[PDB]
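A quick write-up on the structure given underneath.
In this analysis, Cβ positions are derived from the backbone assuming ideal geometry, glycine residues included, and neighbour counts consider all displayed protein chains. Just so it is clear, none of the values below were taken in a lab; they were calculated from the coordinates.
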Amino acid sequence: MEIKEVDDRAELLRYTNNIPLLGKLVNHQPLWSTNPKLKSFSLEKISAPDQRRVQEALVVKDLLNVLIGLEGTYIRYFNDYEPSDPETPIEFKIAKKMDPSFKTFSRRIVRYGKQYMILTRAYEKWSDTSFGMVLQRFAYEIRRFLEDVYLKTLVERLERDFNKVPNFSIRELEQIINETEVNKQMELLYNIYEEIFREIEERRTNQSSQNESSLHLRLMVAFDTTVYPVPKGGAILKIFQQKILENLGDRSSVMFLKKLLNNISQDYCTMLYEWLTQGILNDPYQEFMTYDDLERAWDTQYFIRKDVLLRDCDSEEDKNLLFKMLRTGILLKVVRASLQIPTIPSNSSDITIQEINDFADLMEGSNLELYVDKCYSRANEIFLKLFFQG
Amino acid sequence: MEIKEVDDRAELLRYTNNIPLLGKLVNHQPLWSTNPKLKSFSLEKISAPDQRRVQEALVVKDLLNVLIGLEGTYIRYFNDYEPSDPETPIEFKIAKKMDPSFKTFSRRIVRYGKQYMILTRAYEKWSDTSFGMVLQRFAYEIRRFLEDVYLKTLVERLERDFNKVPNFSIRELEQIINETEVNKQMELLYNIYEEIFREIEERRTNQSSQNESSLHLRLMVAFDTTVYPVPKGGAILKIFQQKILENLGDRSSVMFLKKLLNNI
Amino acid sequence: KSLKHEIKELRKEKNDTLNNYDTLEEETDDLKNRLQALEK
Amino acid sequence: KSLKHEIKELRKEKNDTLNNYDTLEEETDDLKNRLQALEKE
Amino acid sequence: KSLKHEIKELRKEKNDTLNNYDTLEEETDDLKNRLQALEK
Amino acid sequence: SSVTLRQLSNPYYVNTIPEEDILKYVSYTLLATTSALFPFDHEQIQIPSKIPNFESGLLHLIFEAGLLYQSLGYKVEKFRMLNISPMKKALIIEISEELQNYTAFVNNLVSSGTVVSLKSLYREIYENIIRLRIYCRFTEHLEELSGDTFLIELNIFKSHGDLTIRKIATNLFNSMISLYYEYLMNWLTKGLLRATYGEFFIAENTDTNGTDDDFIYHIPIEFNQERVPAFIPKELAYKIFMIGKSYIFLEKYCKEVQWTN
């Protein structure tokens, strides 16, 4: 192949304000559509059955480049692809003169390459602060997955066999992609991405849309029915529990999804535990089920974010449990503020509360009910001791 | 590399009247600029990406020799270096046909080589009696640093890896220098030396210069407002305290400077 | 709004130019496919 | 106001793409001239 | 004072000679490279 | 058919730079140095024309680490010669220590010989590219924000969901808070406001308007309630202010030198 001469220079982006915390800071390489660095050796010159494997070698090289979102010689970006646009669509156009079997296989691989690009862009985007640490931990999980499963598989199997294994092929490439299940794990992460994206789109377009139990108690409270632009906390744990309810029967998929749900929600379980045992509200990303005002000092009015709730709050027992959690937290903060202490001693009651180590396990049965009941009894014991002896 | 024939007699110095107490008493070796002992094998002939490690090894040898002030085959003193004159300036010029990455790393390491030369010359000078025991103890601490830390690092790490450790390279040389803190501690010593030097220069140029409590009390005592040519005692302990202040936050630099002050 | 409008026009012009370049390459290949039977 | 960088990048990328397009029209014209020399005979 | 003057003049001549040497060596090497091509 | 697909693809990419030479020179380019292959410019790396668009894209991804290392080294060398508060110096030291760990990691990769392709080199430095990205984002406004603002921001980022951002923020916060504890310790045991650069909630205020020019009635020290960090209760902040004020009082006006010492 001949060599064309284009000025190619790597450099950090000058304007880094519209770039997320983990967005790519280096500029983009020269695109084949505008700045080709090779006089493309047209394919039909090696289309004969004796040059078929040479064509396969070229195409598999281009596919190993595509599987990480780089354009090969014969598999180039869509005409509408704009790399300087973080919202740009992502498609690949395949050399028309390619062997049709290679073309089919290359389409099926281009699919996973586009999924890789989209997921990379998605973890970059959700690494920001406005998305809540549930979605941030999810983005971290996506990045960890790519780097330590998908990139590992690519590098150590497909590229390594291209370099090392004779009689390697493109059908063996797709087979190896399907073996390690990395395509199914990518399909699960990309389905979760698509669901979060569809919900964001609904919340951004369906904007024109907008109990006596809240008064039956002695409460300076209010429901916060603000439908936030991006789902947070419970709104995304509902997405994950729904994707577990949908993928039942495929047990590897369910194990993967449950590992995801248990990793992502660790910090959320920490929030809920600290709330139900200390009345602490360490919510910097505004995603807990309840919050206060004045961010005179004790004059606090609690709100309930109906958007980030773990449950529906429609039924009777659901509102009972919700208000019991809010009440546990209120009583424990009142105790802490009374004793001027920063935390509540662990021995200030005979009822000990264990942490939350498996979120799905907490949400699945009535474990949330009994857990909040234990926390509520402990809070009421401490609170009535305070108010009856001090 | 083929040998050249020059006269190299290592003898003591004839006149030692303007030499400090610890000043060097031998004469200087022949410089490459005037008396080269080898025909320099031009580096352009090993610029091929296959012979790149050969040029790397030659540059590492020159660097291990520069690190103690000795000019190498391809890294040499510049033109104004006069070895007999002790107040000479010190810079190294690097072979222009060297690989540009090797030139960059070599300039970085030449910084340390020049700092070693200047610090050795500094304690040699400050070993005199006209400098006060504070500057003399600082010169003793400088020489003990060199001998027991800088030369120990140099030999037992850099030369032992250049002789026994494959996969060693100039970038790993600079990494080793940065990891052992030798660059940071030597930079600290060189900053203190430069502060003492600017002080000496001010006191040498600022010659346009000129308490009632000693009278409110029965004290037949006067003030000696003499501004000496070199700082002594408190005028140097103040420099060290000022350095410890300017290094607040770098606990390693603060510990080094505090041990230096407690020693001096 | 004017900067965004120039971006919209320049993107449309890029997309049109690339579709024209693809079309011209198909014409180039058709001309080569005619000509190679004469020059061989 | 940094939208001006995408404007300059698109203008440069368009001009590069148009230099490719003009070069491919010169190649198109060369092929048409070579066809007009041979295909008639 | 006279000895210090002579030292300064001799130091200057040395520096100029050394700078001239390098300029001359560079010319010498360009000529060698041209010659190696011609003798080859 | 023992010919691998790489050997079948090679004859079409012979006018390009072989991968092994690209690796030899990337060894240096990752450390923000120039070379004969990648002539690292002012702040550009100038990828040659013998490197096609796919290798060029992969090299852009890889050289993100080299450019980030260069920018962070520039920040370190700039602030190493400036006059900055101790807490900014601790932040600069954490930056330079990250750069030192990155240099050690790149040198281990290159010297081990286990890196045989650009894609494996990209996967190996991926998380290091991410860490350098975080470090270069956190310190974009280094010369424009005070140490306590950095404490507030890193306290916000200690709750991030990403473990890497959270860990970097936690370490930066722990170093800057060690030096803030040194500020507090100085003020509480010596009444010193030495080298705080306006990062402390207690500032020496010798600004008077003719009333008490010699501080007979004043003790020229003010206590800004708007600068108290969110991790210190205003009651404990007032107690700190009063402990320092009482130490300075006892030592300067009550001449109680032995007991204050």
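Quick one: which residues, 5+ away or cross-chain, put their amide H under 5 Å from the amide H of A:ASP224? H built at 1.01 Å from N.
The list, which skips near neighbours in sequence, is A:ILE304, A:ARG305, A:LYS306.
Just counting partner chain Cβ atoms within 10 Å, what average do the residues of peptide F:116-123 show around their Cβ?
Average neighbour count from other chains, rounded to a whole number: 5.
Evaluate the charge dipole of region A:113-226 about its Cα centre and quote only its size in Debye, nearest 20, assuming +1 on the Cβ of each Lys and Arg and -1 on the Cβ of each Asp and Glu.
Numbers: 16 positive and 20 negative charges, 44 e Å.
It works out to roughly 220 debye.
Measure nothing but the geometry: give the 0 to 90° angle between the long axis through the Cα atoms of F:53-79 and the longest principal axis through the Cα atoms of chain F, rounded to 10°.
Helix F:53-79 sits roughly 30 degrees off the main axis of chain F.
Quick check on the protein assembly as shown: take the gyration tensor over C-alpha atoms, sort the square-rooted eigenvalues as a ≥ b ≥ c, and tell me if it's rounded (a/c under 1.5), prolate or oblate. Kindly include the intermediate steps, with their values, before the conclusion.
Numbers: a/c = 2.36, a/b = 1.06, b/c = 2.24.
In terms of gyration-tensor shape, oblate.
Mind checking the mean number of beta-carbon atoms from other chains within 10 Å of the Cβ atoms in F:149-161?
The per-residue average across the peptide is 4.
Based only on Cα atoms, what Rg/Rh ratio does region B:116-235 have, Rh being taken as Kirkwood's radius?
Ratio of gyration radius to Kirkwood radius: 1.21.
Expressed as a rounded percentage, what relative contact order does region B:1-77 have, with Cα pairs under 8 Å and six or more residues apart?
Relative contact order for region B:1-77 comes out at 28 percent.
Sort B:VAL66, B:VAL6 so that the residue with the fewest other Cβ atoms within 10 Å of its own Cβ comes first and the one with the most comes last.
The most exposed by this proxy come first: B:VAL6, B:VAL66.
Placing +1 at every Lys and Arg Cβ and -1 at every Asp and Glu Cβ, with all other atoms neutral, what dipole size does chain B have around its Cα centre, in debye to the nearest 20?
That gives a dipole near 320 debye.
Using +1 at the C-beta of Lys and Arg and -1 at the C-beta of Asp and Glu, which of B:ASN247, B:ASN178, B:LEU261 has the Cα lying farthest in the positive direction of the dipole of region B:142-264?
Checking the options against the dipole of region B:142-264, the answer is B:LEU261.
To the nearest 20 Debye, how big is the dipole of region A:1-52 about its Cα centre, given +1 on the beta carbon of each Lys and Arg and -1 on that of each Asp and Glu?
Computed charge dipole of region A:1-52: roughly 140 debye.
Using 7 Å Cα-to-Cβ label points, what is the A:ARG171/B:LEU13 separation (nm, one decimal)?
Between A:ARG171 and B:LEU13, the label points sit 8.6 nm apart.
Whole Å is fine, so just give me how far the alpha carbon centre of region B:249-264 lies from that of region B:191-205.
Value for the Cα centre distance between the two parts: 21 Å.
Just F:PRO52, F:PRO86, F:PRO229 to compare: in a GNM of chain F, with alpha carbon springs under 10 Å, which one fluctuates most?
For chain F, modelled as a Gaussian network with Cα springs under 10 Å, the answer is F:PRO52.
Under a straight-distance cross-link criterion of Cα-Cα below 25 Å, which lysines are reachable from B:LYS152, leaving out those fewer than 8 residues away in the same chain?
Answer for B:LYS152, where 25 Å is the Cα cut-off: B:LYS24, B:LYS61, B:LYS114, B:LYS125, B:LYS164, B:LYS184, B:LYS258, B:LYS259, listed by chain and number.
Using 1/(1 + (r/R0)^6) with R0 = 30 angstrom and r between the beta carbons of F:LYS234 and F:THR170, what's the FRET efficiency to the nearest 0.05?
Given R0 = 30 Å and the Cβ-Cβ separation, E is 0.75.
Sort the following peptides by mean Cβ neighbour count (other Cβ atoms within 10 Å, averaged over residues), highest first: E:14-23, F:17-26.
So the order, starting with the most tightly packed, is F:17-26, E:14-23.
Work out the charge dipole of region A:155-237 with +1 on the Cβ of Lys and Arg and -1 on the Cβ of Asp and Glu about the Cα centre, then indicate which of A:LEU219, A:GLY234, A:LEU158 is farthest towards its positive end.
Going by the Cα projections, it comes out as A:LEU219.
What nm value, rounded to one decimal, do you get for the distance between B:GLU87 and B:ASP148 when each label is placed 7 Å out toward the C-beta?
Each label point is offset 7 Å from its Cα along the Cβ direction, giving 3.3 nm.
What are the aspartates and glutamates whose alpha-carbon lies under 20 Å from the alpha-carbon of F:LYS252, with same-chain residues fewer than 8 places away excluded?
F:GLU204, F:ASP207, F:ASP212, F:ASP213, F:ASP214, F:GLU222
Show which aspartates and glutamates lie in cross-link reach of B:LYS97 when reach means a straight Cα distance below 12 angstrom and same-chain residues fewer than eight apart are skipped.
Within reach: B:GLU44, E:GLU26, E:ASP29.
Summarise the partner chain shielding of B:53-64 as one whole number: the mean count of Cβ atoms from other chains within 10 Å of each residue's Cβ.
Per residue, the average neighbour count from other chains is 0.
Under the Karplus relation 6.51 cos²θ - 1.76 cosθ + 1.60, θ = phi - 60°, what is the ordered set of whole-Hz ³J(HN,Hα) values for region C:18-33, x standing for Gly and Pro?
Ordered by residue, 3J(HN,Hα) equals 5, 4, 5, 5, 4, 5, 5, 5, 4, 4, 4, 5, 4, 5, 4, 5 Hz.
Choose one of B:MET117, B:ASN65, B:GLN51: the residue whose Cα lies farthest towards the positive end of the charge dipole of region B:47-129 (beta-carbon charges +1 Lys, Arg; -1 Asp, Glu; about the Cα centre).
Toward the positive end, the furthest listed residue is B:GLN51.
Using a Förster distance of 45 Å, how high is the FRET efficiency between D:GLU39 and C:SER2, based on the Cβ-Cβ distance and rounded to 0.05?
The calculated FRET efficiency here is 0.30.
Would you mind pulling out the separation of the Cα centroids of region B:33-84 and region A:52-68, in Å?
So the two Cα centres are separated by 47 Å.
Compute the helix-to-body angle for F:147-157: its Cα long axis versus the longest principal axis of chain F, expressed 0 to 90° and rounded to tens.
Computed tilt is about 60 degrees.
Give a residue-ordered list of calculated ³J(HN,Hα) values for region A:204-209 (Karplus: 6.51 cos²θ - 1.76 cosθ + 1.60, θ = phi - 60°; whole Hz; x for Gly, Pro).
8, 9, 7, 7, 5, 7
Run the simple label-point estimate for B:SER42 and A:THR180 please: 7 Å along Cα→C-beta, distance reported in nm.
5.0
Can you put B:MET220, A:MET289, B:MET255, B:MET117 in order of Cβ neighbours within 10 angstrom, beginning with the fewest?
By the 10 Å Cβ count, ascending, the order reads B:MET220, B:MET255, B:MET117, A:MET289.
Mind listing the long-range amide H neighbours of A:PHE92? Cut-off is under 5 Å, sequence gap 5 or more, other chains count too, H placed in the peptide plane at 1.01 Å from N.
Result for A:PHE92 returns A:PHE78.
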